[PDB]
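Contents: one structure, followed by commentary.
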Amino acid sequence: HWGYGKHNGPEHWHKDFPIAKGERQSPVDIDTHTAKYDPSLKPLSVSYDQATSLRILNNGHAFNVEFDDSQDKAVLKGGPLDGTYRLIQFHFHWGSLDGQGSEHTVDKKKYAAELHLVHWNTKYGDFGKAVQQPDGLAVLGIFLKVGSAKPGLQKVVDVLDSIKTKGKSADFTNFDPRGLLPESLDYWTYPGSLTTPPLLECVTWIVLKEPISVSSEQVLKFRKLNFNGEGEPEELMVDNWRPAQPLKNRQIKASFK
Ligand SMILES: Nc1cc(C(F)(F)F)c(S(N)(=O)=O)cc1S(N)(=O)=O
Ligand SMILES: [Zn+2]
């Protein structure tokens with residue numbers, strides 16, 4: 001199965017998923033001097049007040065905090081988006097050390113981790129159908145740097161002990177994702193793909209410029225998770241990030257000057 005190891009990592013994915021070498025793959029390096037401010041971009045709208053979390057799951061490569069997307073509650077609109085995108089889940093990518101972990105990079109700078117809030121275009125009916133469309137998903141990416149603790153992230157941190165190994169899940173209701181957002185919604189956007197297999201090119205990426213700060217203790221607990229299943233040799237869940245891919249025929253647009 002695909003993973004992030006030497007024999008099943010990012011450099012191997014193309015064999016089972018040829019699209020890995022496609023024309024709009026993610027992540028990418030964001031060259032802040034080449035990104036162009038775009039006035040055609042409408043205001044970004046993040047409406048998470050009615051978000052309903054359900055549970056958290058360790059899927060063997062990261063952990064997903066799932067939400068009830070059977071109704072329009074937590075939605076992302078505006079910005080480069082047309083229509084309404086419903087929040088289905090969020091997860092993170094992190095490193096073994098503070099100097100690495102993020103998937104997107106800024107002027108080649110790697111952050112300690114990266115938060116991905118995944119949303120799907122409601123005009124497609126369901127997530128499975130949305131991922132087969134060029135504009136099926138919108139992922140809001142947020143960088144994490146080590147410094148002060150992020151109060152809104154602690155609830156996630158303290159439940160990780162209960163889902164240490166692959167396949168384990170735990171009830172995770174009443175979690176408010178608004179607590180993971182930085183002050184500014186300034187962002188960069190470009191057409192890309194899922195950063196994990198099947199690497200489908202169905203994502204409109206919206207990466208926030210302002211990172212949130214998390215404590216060393218908080219990220220340390222992320223690093224205590226396991227890639228392996230219960231009762232198997234321990235393989236710490238770290239460095240579950242895909243490196244920057246060729247930008248190719250794409251221009252990254254900035255919402256700010
Ligand atoms: N866009 C998306 C969709 C999924 C999906 F699988 F849920 F579809 C995942 S996953 N494998 O980590 O859950 C990850 C992403 S990402 N890293 O591009 O934000
Ligand atoms: Zn991701």
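All residue names refer to the structure tokens as shown: chains lettered A, B, ... in order, residues numbered from 1 in each chain, ligands numbered from 1 in order.
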
Return as an mmCIF file with C-alpha atoms, in the first residue's frame every polymer residue, whether protein, DNA or RNA, with at least one atom no more than 7 Å from an atom of ligand 2; count only C-alpha atoms and all ligand atoms.
data_model
loop_
_atom_site.group_PDB
_atom_site.id
_atom_site.type_symbol
_atom_site.label_atom_id
_atom_site.label_comp_id
_atom_site.auth_asym_id
_atom_site.auth_seq_id
_atom_site.Cartn_x
_atom_site.Cartn_y
_atom_site.Cartn_z
ATOM 1 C CA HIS A 91 -6.386 16.644 8.785
ATOM 2 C CA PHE A 92 -2.738 17.619 9.062
ATOM 3 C CA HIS A 93 0.644 16.818 7.544
ATOM 4 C CA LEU A 115 -3.695 21.906 8.211
ATOM 5 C CA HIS A 116 -6.048 20.949 5.407
ATOM 6 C CA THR A 195 -1.703 15.569 -2.204
#

Show me, as a Markdown table, the residues of chain A having an atom within 7 Å of ligand 1, each with the closest atom pair and its distance in Å, using only C-alpha atoms and all ligand atoms.
| residue | atom | partner | partner_atom_place_in_ligand_line | distance |
| --- | --- | --- | --- | --- |
| A:62 | CA | ligand 1 | 12 (O) | 6.8 |
| A:64 | CA | ligand 1 | 13 (O) | 6.6 |
| A:91 | CA | ligand 1 | 12 (O) | 6.7 |
| A:116 | CA | ligand 1 | 19 (O) | 4.9 |
| A:117 | CA | ligand 1 | 19 (O) | 6.8 |
| A:118 | CA | ligand 1 | 1 (N) | 5.7 |
| A:137 | CA | ligand 1 | 1 (N) | 6.9 |
| A:139 | CA | ligand 1 | 19 (O) | 5.9 |
| A:193 | CA | ligand 1 | 18 (O) | 6.1 |
| A:194 | CA | ligand 1 | 18 (O) | 3.3 |
| A:195 | CA | ligand 1 | 18 (O) | 4.1 |
| A:196 | CA | ligand 1 | 11 (N) | 5.5 |
| A:197 | CA | ligand 1 | 11 (N) | 6.7 |
| A:203 | CA | ligand 1 | 1 (N) | 6.6 |

Could you please write out, as a PDB file with C-alpha atoms, in the first residue's frame, every residue of range 119-256 of chain A that DSSP assigns to helix (DSSP H, G or I)?
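Result saved to states-v7.pdb:
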ATOM      1  CA  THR A 122     -22.433  20.883  -3.410  1.00  0.00           C
ATOM      2  CA  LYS A 123     -23.515  21.116  -7.044  1.00  0.00           C
ATOM      3  CA  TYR A 124     -22.059  17.619  -7.462  1.00  0.00           C
ATOM      4  CA  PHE A 127     -17.954  13.836  -2.243  1.00  0.00           C
ATOM      5  CA  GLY A 128     -17.359  10.791  -4.429  1.00  0.00           C
ATOM      6  CA  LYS A 129     -18.775  12.609  -7.456  1.00  0.00           C
ATOM      7  CA  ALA A 130     -17.040  15.882  -6.630  1.00  0.00           C
ATOM      8  CA  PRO A 151      -5.864  26.729  22.497  1.00  0.00           C
ATOM      9  CA  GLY A 152      -8.316  25.654  19.822  1.00  0.00           C
ATOM     10  CA  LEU A 153      -6.098  22.707  18.882  1.00  0.00           C
ATOM     11  CA  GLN A 154      -5.710  21.183  22.348  1.00  0.00           C
ATOM     12  CA  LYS A 155      -8.944  19.175  22.142  1.00  0.00           C
ATOM     13  CA  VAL A 156      -7.547  17.437  19.065  1.00  0.00           C
ATOM     14  CA  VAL A 157      -4.190  16.933  20.756  1.00  0.00           C
ATOM     15  CA  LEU A 160      -4.737  11.385  19.901  1.00  0.00           C
ATOM     16  CA  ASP A 161      -3.802   8.971  22.682  1.00  0.00           C
ATOM     17  CA  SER A 162      -7.097   7.153  22.023  1.00  0.00           C
ATOM     18  CA  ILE A 163      -6.419   6.688  18.288  1.00  0.00           C
ATOM     19  CA  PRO A 177     -12.901  24.439  13.638  1.00  0.00           C
ATOM     20  CA  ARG A 178     -13.047  28.230  13.960  1.00  0.00           C
ATOM     21  CA  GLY A 179     -10.466  27.817  16.705  1.00  0.00           C
ATOM     22  CA  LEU A 180      -7.849  26.722  14.168  1.00  0.00           C
ATOM     23  CA  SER A 216       6.285  22.212  20.758  1.00  0.00           C
ATOM     24  CA  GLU A 217       4.316  20.069  23.208  1.00  0.00           C
ATOM     25  CA  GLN A 218       1.278  20.029  20.921  1.00  0.00           C
ATOM     26  CA  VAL A 219       3.243  19.018  17.827  1.00  0.00           C
ATOM     27  CA  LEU A 220       5.159  16.482  19.919  1.00  0.00           C
ATOM     28  CA  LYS A 221       1.914  14.625  20.560  1.00  0.00           C
ATOM     29  CA  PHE A 222       1.209  14.512  16.817  1.00  0.00           C
TER      30      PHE A 222
END

Residues near residue 78 in chain A, anyone? I mean within 6 Å using only C-alpha atoms, not counting same-chain ones fewer than 5 positions away, as a ChimeraX atom specification. /A:42-45

Taking C-alpha atoms for each residue, export the selection above as an mmCIF file, in the first residue's frame.
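Writing done, so here's part-v1.cif:
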data_model
loop_
_atom_site.group_PDB
_atom_site.id
_atom_site.type_symbol
_atom_site.label_atom_id
_atom_site.label_comp_id
_atom_site.auth_asym_id
_atom_site.auth_seq_id
_atom_site.Cartn_x
_atom_site.Cartn_y
_atom_site.Cartn_z
ATOM 1 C CA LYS A 42 -14.146 38.036 -4.406
ATOM 2 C CA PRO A 43 -13.999 38.103 -0.586
ATOM 3 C CA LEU A 44 -13.351 34.709 1.030
ATOM 4 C CA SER A 45 -16.204 33.444 3.206
#

Show me, as a ChimeraX atom specification, the residues that have an atom within 12 Å of residue 103 in chain A when counting only C-alpha atoms, minus same-chain residues fewer than 2 positions from it. /A:10,25-30,92-95,100-101,105-106,108-116,141-144,194-196,207,239-245

Using only C-alpha atoms, please write the residues we just selected to a file, as a PDB file, in the first residue's frame.
ATOM      1  CA  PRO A  10       5.906   9.959  -2.897  1.00  0.00           C
ATOM      2  CA  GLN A  25      -0.337  18.341  -9.034  1.00  0.00           C
ATOM      3  CA  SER A  26      -0.064  19.537  -5.437  1.00  0.00           C
ATOM      4  CA  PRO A  27       1.577  20.708  -3.318  1.00  0.00           C
ATOM      5  CA  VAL A  28       3.734  23.382  -4.956  1.00  0.00           C
ATOM      6  CA  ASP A  29       6.212  25.990  -3.802  1.00  0.00           C
ATOM      7  CA  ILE A  30       4.614  29.416  -3.531  1.00  0.00           C
ATOM      8  CA  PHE A  92      -2.738  17.619   9.062  1.00  0.00           C
ATOM      9  CA  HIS A  93       0.644  16.818   7.544  1.00  0.00           C
ATOM     10  CA  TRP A  94       3.657  17.182   9.848  1.00  0.00           C
ATOM     11  CA  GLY A  95       7.321  16.382  10.204  1.00  0.00           C
ATOM     12  CA  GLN A 100       9.809  20.279   7.965  1.00  0.00           C
ATOM     13  CA  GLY A 101       6.267  18.990   7.735  1.00  0.00           C
ATOM     14  CA  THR A 105       6.254  25.846   0.885  1.00  0.00           C
ATOM     15  CA  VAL A 106       6.642  29.630   0.751  1.00  0.00           C
ATOM     16  CA  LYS A 108      11.000  27.285  -0.359  1.00  0.00           C
ATOM     17  CA  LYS A 109      10.352  27.705   3.380  1.00  0.00           C
ATOM     18  CA  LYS A 110       8.904  24.576   5.004  1.00  0.00           C
ATOM     19  CA  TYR A 111       6.649  24.941   8.046  1.00  0.00           C
ATOM     20  CA  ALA A 112       6.362  22.496  10.954  1.00  0.00           C
ATOM     21  CA  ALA A 113       2.980  21.280   9.710  1.00  0.00           C
ATOM     22  CA  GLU A 114       0.026  22.064   7.477  1.00  0.00           C
ATOM     23  CA  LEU A 115      -3.695  21.906   8.211  1.00  0.00           C
ATOM     24  CA  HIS A 116      -6.048  20.949   5.407  1.00  0.00           C
ATOM     25  CA  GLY A 141      -4.537  25.139   3.762  1.00  0.00           C
ATOM     26  CA  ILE A 142      -3.100  26.660   6.922  1.00  0.00           C
ATOM     27  CA  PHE A 143       0.551  26.560   7.953  1.00  0.00           C
ATOM     28  CA  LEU A 144       1.588  25.679  11.492  1.00  0.00           C
ATOM     29  CA  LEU A 194      -5.193  15.871  -3.707  1.00  0.00           C
ATOM     30  CA  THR A 195      -1.703  15.569  -2.204  1.00  0.00           C
ATOM     31  CA  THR A 196      -2.215  11.880  -1.376  1.00  0.00           C
ATOM     32  CA  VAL A 207      -3.522  28.604   1.156  1.00  0.00           C
ATOM     33  CA  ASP A 239       6.851  13.176   7.806  1.00  0.00           C
ATOM     34  CA  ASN A 240       3.536  12.341   6.160  1.00  0.00           C
ATOM     35  CA  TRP A 241       3.949  15.180   3.669  1.00  0.00           C
ATOM     36  CA  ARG A 242       4.382  15.144  -0.108  1.00  0.00           C
ATOM     37  CA  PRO A 243       7.159  17.431  -1.433  1.00  0.00           C
ATOM     38  CA  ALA A 244       6.528  20.351  -3.786  1.00  0.00           C
ATOM     39  CA  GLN A 245       5.620  19.363  -7.352  1.00  0.00           C
TER      40      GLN A 245
END

For residue 171 in chain A: contacts at 10 Å, only C-alpha atoms, fewer than 3 positions along chain excluded, given as a PDB file with N, CA and C atoms, in the first residue's frame:
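This went into around08.pdb:
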ATOM      1  N   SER A  53     -18.901  18.313  14.134  1.00  0.00           N
ATOM      2  CA  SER A  53     -17.891  17.262  14.058  1.00  0.00           C
ATOM      3  C   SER A  53     -18.516  15.959  14.547  1.00  0.00           C
ATOM      4  N   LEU A  54     -18.004  14.836  14.060  1.00  0.00           N
ATOM      5  CA  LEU A  54     -18.545  13.538  14.443  1.00  0.00           C
ATOM      6  C   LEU A  54     -17.527  12.651  15.143  1.00  0.00           C
ATOM      7  N   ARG A  55     -16.375  12.466  14.510  1.00  0.00           N
ATOM      8  CA  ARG A  55     -15.341  11.620  15.083  1.00  0.00           C
ATOM      9  C   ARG A  55     -13.981  11.850  14.454  1.00  0.00           C
ATOM     10  N   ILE A  56     -12.963  11.295  15.100  1.00  0.00           N
ATOM     11  CA  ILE A  56     -11.590  11.416  14.638  1.00  0.00           C
ATOM     12  C   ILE A  56     -11.083  10.010  14.335  1.00  0.00           C
ATOM     13  N   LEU A  57     -10.392   9.864  13.210  1.00  0.00           N
ATOM     14  CA  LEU A  57      -9.893   8.564  12.783  1.00  0.00           C
ATOM     15  C   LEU A  57      -8.430   8.554  12.359  1.00  0.00           C
ATOM     16  N   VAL A  65     -10.542  14.402  11.092  1.00  0.00           N
ATOM     17  CA  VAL A  65     -11.605  14.836  11.983  1.00  0.00           C
ATOM     18  C   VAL A  65     -12.738  15.013  10.979  1.00  0.00           C
ATOM     19  N   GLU A  66     -13.738  14.150  11.087  1.00  0.00           N
ATOM     20  CA  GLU A  66     -14.868  14.144  10.171  1.00  0.00           C
ATOM     21  C   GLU A  66     -16.046  14.983  10.638  1.00  0.00           C
ATOM     22  N   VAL A 159      -6.919  13.899  22.320  1.00  0.00           N
ATOM     23  CA  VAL A 159      -7.668  12.702  21.958  1.00  0.00           C
ATOM     24  C   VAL A 159      -6.803  11.733  21.149  1.00  0.00           C
ATOM     25  N   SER A 162      -6.053   8.162  22.212  1.00  0.00           N
ATOM     26  CA  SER A 162      -7.097   7.153  22.023  1.00  0.00           C
ATOM     27  C   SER A 162      -7.186   6.586  20.605  1.00  0.00           C
ATOM     28  N   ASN A 174     -18.859  18.157  18.762  1.00  0.00           N
ATOM     29  CA  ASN A 174     -18.795  19.517  19.269  1.00  0.00           C
ATOM     30  C   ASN A 174     -17.435  20.202  19.181  1.00  0.00           C
TER      31      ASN A 174
END

Interatomic distance between CA of residue 61 in chain A and CA of residue 31 in chain A?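 Interatomic distance, CA of residue 61 in chain A to CA of residue 31 in chain A: 28.2 Å.
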
Which polymer residues have any atom within 7 Å of an atom of residue 35 in chain A, counting only C-alpha atoms, with same-chain residues fewer than 2 positions away left out, as a ChimeraX atom specification? /A:31-33,37,251-254

Using the selection just defined, write its residues with N, CA and C atoms as an mmCIF file, in the first residue's frame.
data_model
loop_
_atom_site.group_PDB
_atom_site.id
_atom_site.type_symbol
_atom_site.label_atom_id
_atom_site.label_comp_id
_atom_site.auth_asym_id
_atom_site.auth_seq_id
_atom_site.Cartn_x
_atom_site.Cartn_y
_atom_site.Cartn_z
ATOM 1 N N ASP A 31 6.039 30.941 -4.762
ATOM 2 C CA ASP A 31 7.033 31.999 -4.957
ATOM 3 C C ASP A 31 6.263 33.310 -4.792
ATOM 4 N N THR A 32 6.394 33.913 -3.615
ATOM 5 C CA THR A 32 5.688 35.142 -3.269
ATOM 6 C C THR A 32 5.962 36.334 -4.173
ATOM 7 N N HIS A 33 7.093 36.309 -4.867
ATOM 8 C CA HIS A 33 7.444 37.402 -5.757
ATOM 9 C C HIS A 33 6.857 37.205 -7.151
ATOM 10 N N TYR A 37 -1.232 39.613 -7.575
ATOM 11 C CA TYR A 37 -2.446 40.039 -6.891
ATOM 12 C C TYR A 37 -3.563 40.015 -7.928
ATOM 13 N N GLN A 251 -0.428 29.649 -12.687
ATOM 14 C CA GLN A 251 -0.037 30.897 -12.055
ATOM 15 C C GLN A 251 -0.722 30.949 -10.701
ATOM 16 N N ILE A 252 0.038 31.264 -9.664
ATOM 17 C CA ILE A 252 -0.539 31.361 -8.334
ATOM 18 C C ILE A 252 -1.016 32.798 -8.164
ATOM 19 N N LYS A 253 -2.264 32.954 -7.731
ATOM 20 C CA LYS A 253 -2.855 34.277 -7.535
ATOM 21 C C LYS A 253 -2.918 34.628 -6.057
ATOM 22 N N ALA A 254 -2.684 35.899 -5.742
ATOM 23 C CA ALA A 254 -2.726 36.366 -4.360
ATOM 24 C C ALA A 254 -3.954 37.239 -4.150
#

Have a look at A:16, A:235, A:69, A:201 and name the one nearest to residue 120 in chain A; count only C-alpha atoms.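 Closest candidate: A:69.
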
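For the pair CA of residue 121 in chain A and CA of residue 90 in chain A, the interatomic distance is 15.7 Å.
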
With a distance cut-off of 12 Å and only C-alpha atoms, select the neighbouring residues of residue 18 in chain A, excluding the residue or stretch itself and same-chain residues fewer than 3 positions from it, and output the selection as a PyMOL selection string. chain A and resi 10-15+21-23+25+197-201

Option closest in space to residue 58 in chain A, from A:211, A:167, A:182, A:231 [counting only C-alpha atoms]: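 Among the listed residues, the smallest separation from residue 58 in chain A belongs to A:167.
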
In Å, with one decimal, what is the gap from CA of residue 77 in chain A to CA of residue 20 in chain A?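 Between these atoms lies a distance of 28.1 Å.
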
With only C-alpha atoms as the atoms that count, which of A:185, A:41, A:87, A:97 lies nearest to residue 223 in chain A? A:97

Name the residues of range 100-230 of chain A that fall into strand (DSSP E) according to DSSP on the backbone, using the chain letters and numbers of this document, as a VMD selection string. chain A and resid 105 to 106 113 to 121 137 to 146 169 to 171 187 to 192 203 to 208 212 to 214

Please produce an output containing C-alpha atoms for each residue in the selection, written as a short mmCIF file (atom, residue, chain, number, x, y, z; two decimals), in the first residue's frame.
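Result file follows (selection12.cif):
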data_model
loop_
_atom_site.label_atom_id
_atom_site.label_comp_id
_atom_site.auth_asym_id
_atom_site.auth_seq_id
_atom_site.Cartn_x
_atom_site.Cartn_y
_atom_site.Cartn_z
CA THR A 105 6.25 25.85 0.88
CA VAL A 106 6.64 29.63 0.75
CA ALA A 113 2.98 21.28 9.71
CA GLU A 114 0.03 22.06 7.48
CA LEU A 115 -3.69 21.91 8.21
CA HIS A 116 -6.05 20.95 5.41
CA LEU A 117 -9.76 21.68 5.69
CA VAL A 118 -11.37 19.75 2.83
CA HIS A 119 -14.63 20.95 1.26
CA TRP A 120 -16.68 19.63 -1.67
CA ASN A 121 -18.77 21.50 -4.25
CA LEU A 137 -13.03 20.30 -4.09
CA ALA A 138 -11.67 23.35 -2.30
CA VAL A 139 -9.02 22.80 0.34
CA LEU A 140 -8.17 25.56 2.78
CA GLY A 141 -4.54 25.14 3.76
CA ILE A 142 -3.10 26.66 6.92
CA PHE A 143 0.55 26.56 7.95
CA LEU A 144 1.59 25.68 11.49
CA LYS A 145 4.75 27.04 13.09
CA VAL A 146 6.12 26.19 16.53
CA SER A 169 -11.39 6.04 15.79
CA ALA A 170 -13.00 8.04 18.60
CA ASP A 171 -16.09 10.15 19.10
CA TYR A 187 -4.42 33.87 0.73
CA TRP A 188 -2.81 32.43 -2.38
CA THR A 189 -4.84 30.25 -4.74
CA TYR A 190 -4.17 27.93 -7.65
CA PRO A 191 -5.67 24.84 -9.35
CA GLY A 192 -4.21 21.61 -8.01
CA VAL A 203 -8.82 20.80 -6.06
CA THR A 204 -8.94 24.57 -5.95
CA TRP A 205 -6.25 25.33 -3.39
CA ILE A 206 -6.63 28.25 -1.01
CA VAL A 207 -3.52 28.60 1.16
CA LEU A 208 -3.55 31.22 3.91
CA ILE A 212 -1.10 29.69 13.25
CA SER A 213 1.25 29.01 16.15
CA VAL A 214 1.21 25.70 18.00
#

Just checking: using only C-alpha atoms, which residue out of A:52, A:133, A:255, A:34 ends up closest to residue 89 in chain A?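 For residue 89 in chain A, the nearest of the given residues is A:52.
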
Looking at A:68, A:40, A:73, A:63, which one is nearest to residue 237 in chain A, with distances taken over only C-alpha atoms?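 Of all the options, A:63 lies closest to residue 237 in chain A.
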
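Compared by their closest atoms to residue 186 in chain A, and using only C-alpha atoms, the residues A:60, A:99, A:5, A:79 rank with A:79 nearest.
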